[PDB]
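All remarks here apply to the structure that follows.
Chain naming follows the written order as A, B, C, D, E, F, G, H, I, J, K, L, M, N, O, P, Q, R, S and T, and within any one chain the residues start at number 1.
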Amino acid sequence: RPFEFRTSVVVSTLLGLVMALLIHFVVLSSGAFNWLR
Amino acid sequence: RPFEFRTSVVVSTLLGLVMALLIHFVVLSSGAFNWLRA
Amino acid sequence: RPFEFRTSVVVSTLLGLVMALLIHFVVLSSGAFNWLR
Amino acid sequence: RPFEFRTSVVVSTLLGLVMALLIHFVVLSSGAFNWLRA
Amino acid sequence: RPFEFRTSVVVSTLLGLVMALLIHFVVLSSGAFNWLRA
Amino acid sequence: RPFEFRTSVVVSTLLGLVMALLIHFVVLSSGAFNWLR
Amino acid sequence: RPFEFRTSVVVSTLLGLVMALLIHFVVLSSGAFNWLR
Amino acid sequence: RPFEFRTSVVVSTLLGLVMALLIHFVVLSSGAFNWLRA
Amino acid sequence: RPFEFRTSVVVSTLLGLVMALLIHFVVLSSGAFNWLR
Amino acid sequence: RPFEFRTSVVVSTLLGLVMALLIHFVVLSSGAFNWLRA
Amino acid sequence: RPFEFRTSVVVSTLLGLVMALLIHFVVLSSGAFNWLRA
Amino acid sequence: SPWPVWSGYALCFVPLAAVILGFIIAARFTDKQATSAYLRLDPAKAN
Amino acid sequence: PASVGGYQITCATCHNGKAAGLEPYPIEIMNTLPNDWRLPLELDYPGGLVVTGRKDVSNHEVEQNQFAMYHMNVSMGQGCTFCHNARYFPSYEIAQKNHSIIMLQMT
Amino acid sequence: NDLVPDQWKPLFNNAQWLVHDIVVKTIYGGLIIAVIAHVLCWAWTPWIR
Amino acid sequence: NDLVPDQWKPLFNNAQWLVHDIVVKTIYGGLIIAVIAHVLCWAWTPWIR
Amino acid sequence: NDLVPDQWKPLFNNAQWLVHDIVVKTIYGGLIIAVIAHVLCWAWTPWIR
Amino acid sequence: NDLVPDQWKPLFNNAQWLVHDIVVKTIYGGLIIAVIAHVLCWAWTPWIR
Amino acid sequence: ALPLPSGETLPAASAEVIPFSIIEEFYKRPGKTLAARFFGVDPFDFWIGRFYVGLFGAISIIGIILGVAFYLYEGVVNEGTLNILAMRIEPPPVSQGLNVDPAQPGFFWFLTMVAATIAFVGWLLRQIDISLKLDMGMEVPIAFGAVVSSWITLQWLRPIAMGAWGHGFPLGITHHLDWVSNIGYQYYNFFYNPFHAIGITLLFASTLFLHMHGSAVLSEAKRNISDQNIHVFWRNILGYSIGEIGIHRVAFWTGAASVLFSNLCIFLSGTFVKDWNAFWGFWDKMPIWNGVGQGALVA
Amino acid sequence: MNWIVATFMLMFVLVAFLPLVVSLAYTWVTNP
Amino acid sequence: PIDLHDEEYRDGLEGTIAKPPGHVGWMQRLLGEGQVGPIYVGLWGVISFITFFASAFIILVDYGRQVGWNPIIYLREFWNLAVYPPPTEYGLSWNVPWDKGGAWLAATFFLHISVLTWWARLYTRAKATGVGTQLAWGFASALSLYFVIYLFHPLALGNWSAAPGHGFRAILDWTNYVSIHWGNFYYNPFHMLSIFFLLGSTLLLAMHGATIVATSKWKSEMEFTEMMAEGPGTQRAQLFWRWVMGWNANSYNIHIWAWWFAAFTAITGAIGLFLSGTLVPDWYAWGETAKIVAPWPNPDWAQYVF
């Protein structure tokens, strides 16, 4: 098969974690929600 | 066949992700949409 | 044959993508269309 | 024979592309044609 | 025989192209012909 | 023979071209002939 | 023989050409002859 | 023998040429002879 | 077994020591206790 | 045996000596005790 | 035995010498005793 | 405003974490390949 | 300010023991600069030599600024940090940069 | 390559055909969502003017 | 090269013919779309004047 | 070199003749378009004066 | 080394004797010319005074 | 199938598939370190895990732990910043001189700098011991000693020669760059320093040589070639092939020389020179051209 | 400036240059 | 299928010159080999030669014109002579006087052609010798940095003055001026990454050279043979680096490490240089807004005064 299961899981997990952290930090820094003072 | 399936898939995925990130950055940096506190 | 199909496909795709990106950026930076403010 | 068809094609194509790019840049940067807001 | 036809053709073509480009550049920079700019 | 025909031809051609270009550049830069404005 | 004809010819020709160029440039730059304006 | 004729000839000729050029340049820069427009 | 006793002991001891040092330093830095002048 | 006796002795001695040095230096520098010229 | 006598001798002597040097240096640097004009 | 800007976030802290993780992963896999079993000359015979 | 002192300007400040033939820009101080460079005394010095992030200037204006700054260095003997902090040149924190502004206006 | 059609037998494999079908359906759904998003954004704030 | 035409047999393979045909249709669709886009952009704001 | 003419047999191969014809046709079309573009540009605004 | 004198045989080859003679003659001529030039320049302008 | 070191699996020399355990056990040979020769015995002549611990390994580890503790204490306490990119660990003021007082600020900078020096020297000596146990040369110690001498020039020799001891660098992330910038602009045109230029040349040459060697070795790893293809390739381009043993010698020499010239220029700029633009005022006054020009072309 | 201490430190730096020179000399002396 | 004798001893164009190899002697004693050997010339390299020397001739003739054609002053001021680009006015125009930036444009064009033809030469000879083409892509990664410096950065800024002036002293001035213009590159994150990769490259080169030279008594420098089966020298090197820092590699991974260090250096430098002017006009202000700038209220400034 073209791709193996481990590669797909690794890429998906890394992308999800990176995007989640980036989005939380961008939203916190934007100062448009009144979150954490 | 001239090209393998893996090469096509990898190139397409990388190009799509990079283009999406670049377009989001360019659109949101212009400040012409009033998104997330102007 | 002088040239293989693969090399021609690769060169054409790269040239087209580079030209598209260059022309879009030149037009946007010219500031003569009222696009994205 | 003196030269292969491959080499002639490659050199001709590259020379044409380079000359087209250079001539376009020189003509448009001269500011003598009023193209994209003068 | 001292030289091959390939070497002569390559050297002549390169010399002609370089000389033409240099002459065009010098004539454009001199600004003595009223061409491509006031 | 100490030298071959190829080397002599190459050296003579290079020397002639270099001298001609240098002489034209010096004459143009001197500004004593009214050539090219 | 300590030296070949080829080496002697090469050294003499290079030295003569360099000396002629240097002398012409010095004479032209000194501005003591009224040559080339 | 300690040295070959070729090395002696080369060293002597180079030393003579450099000394002659240096002395001529120093005398020209000294401005003490009224030579070549003072 | 996936992990040895020695590796677990080493990791746990290092983590505990580093955490104790960090917590003491942070509490001293905060200046909220009136401790050690 | 998970660990050797000499390794345990050496590690314990190093940790104790380092801790004693650090604590004496911190207490001396804090200047909260009036020891060795305040 | 876990440790040899001569190894213990070397370690103890070196540690004692280092500690003595450190204590004299620190006491001198403190400048609290009027020793060597201090 | 106790927080950095988004551009600071990306340009500084994405490359730094990427470099750290990449270095650790590359070192781990290099060590794995190095310590594997493959052809070698016998040290007893080899001098 | 009174911190600099209370020194005044007199004949010897500019003449230095010569009746005439004064030499501003002597050859010994024109070491690294072009031999025909002079101070740009036709500008407004509160903002005359600003280049940082302007985006309407380029390396030529920076070169002119550097010529002026090295002249200011040579006229004293304290180096480029005498009036500046090298981490951020636009900063006004060393207190000899306002003195330099007053000196430039005087010149 | 039993499941591959006759036309695409020299190009595709029995395993790659299924993954290609998955990718094609994913791109179709993505295009539908992109068109809907673009229409909504145009209704919200035009960008050409 | 059984499916390849007689004229172009020395230059093409059987599997390369299909990929070439796909590229040709892609280029033709792109050219039509680009012509339309240029016409609308000219109707919106000329860049030569 | 069955299809190559008699004059150019020592210089050309059967596969290369077809690519040469394609290149020549492309060059002739490009030359025609370039001539047209130059004529329109001159009609718009002369560059020699 | 037939032409090389008896004293100079351990140092010189038969071929280097002639080149050495040429070099010696050239050096003698150069020294004579240098003496003449120095006398002429001194008669023109003394450089010690 | 026989697994190759590169990673190939080539079906079937005197080679054989040997686990790393046999090699690791064979080459131990304890009892040949530098401390054993001096004292007749090494107090720590064993391995803890994969590391070998010797007499100087203990000194290095003590220095490392103490230096890290002091660094964290100056930056978490006494500054109250809580982040590492805004810490600013300063030496004592220039007015204080060459003396150290625990009461005055800047004492923990002294402690950290001394601990770091001890750790660096201990690491160098440990490398010497490990090299001596394996019957190898002493090349890596020479390179690392060049680096350590570069450290000692910046933190010991220059402050002592200038005599005020405030002339050493703060140990702060993003903050030693402030010191570099201010020192470089104090002696304006630090580009015009000759040894700085030589060091930059050597650094760039080192990077280029590393890239060339990596490319050349990687271009022949997994191919059926005769081992002389690389030599023909390197003679056809640039007309010279250094060989197998010359490239590593050149790499080591260039790497050491760059740091040596850099520490030379920093020390010379500290004390014997004040301005690097005035250093070149001797050039145009030499009596071969001081009288040949007019106007702007004079001098 | 105390010129004795500065010259001493300069001598230490030039000493630090020495090991690479010794390595070069060793490589030249061997491989005849 | 490749005959090395043919690839090294052909005649004419598509062949080699300097066919009778030379010998230097001292390079054989110090470096282990001293054959000058023949050099290939194959129409990728004649173009490079001609274009590079055309550019050099233009620059040297402009140097001569700038000093009034005085050879003595030419030797006097050689190292502080330059051919600068056009001034900031008339940003990207080519209708410029020859002494006001006309020669710079022509020389730069010929230099671009020369470097591209050199890359083609490298690629073709790598293909013709049977080895891989890694060197071509490394050179591509350095040409990326070069083209950002000379072509792509002056474009998108609107002037030719954002490029170096073709001189020994002009590159240093360009570096200083670009640093002063856009704040401080000490606070440019991509400058930091490039410095990290550069210093790592130097460190790795020194380590590898010392390691191989130390174990050269067992023929550890024959990389091609060690990749087939390890020998005593490679085993000793692995054991040394395992006992020093706890992990090591083999004689194949270190080359990948070095290649990627150099490539990352070039790429990060190019990206940082491009990003410097177009998006962040001031790097210190950005660093202050990003909380990566240390507070500095009460300096001790006596260090920095004479």
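Observations on the structure shown:
Keep in mind that, in the parts below, a contact is a pair of C-beta atoms (placed from the backbone, for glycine too) under 8 Å apart; a residue touches a chain by one contact, two chains touch by 3 or more.
Over half of the residue-numbered contact pairs of H-Q are shared by just one pair in E-P, B-O or D-P, which is D-P.
Here the chain at the heart of the structure, going by C-alpha means, is T. Look at where the CA atoms of subunit J average out and do the same for subunit S: the two points lie 40 Å apart. Here the spacing of subunit C and subunit E, counted between their Cα centres, is 30 Å. For subunit O, residues that reach two or more other chains under the stated contact definition are 10-11, 15-16, 19, 47-48. Looking at subunit D, one finds that residues 5, 9, 30-32, 34, 36 touch two or more other chains.
Multi-chain contact residues of subunit R, defined as those touching 2 or more other chains: 4-5, 7, 13, 15, 23, 27, 69, 73, 102, 139, 142, 178, 181-182, 186, 189, 249, 252-253, 256, 274, 288-289, 292, 297. Touching subunit M in their complex are the following residues of subunit R: 178, 181-182, 184-189, 274-275, 277-278, 280-281, 295-299.
Residue ranges on subunit N touching subunit A, taken from their complex, read 15-16, 19.
Within the complex, the subunit T residues that touch subunit G are 68-73.
Those residues of subunit A that touch subunit B in the shared complex are 2-3, 27, 30-32. Interface of subunit N with subunit C (complex): residues 47-49.
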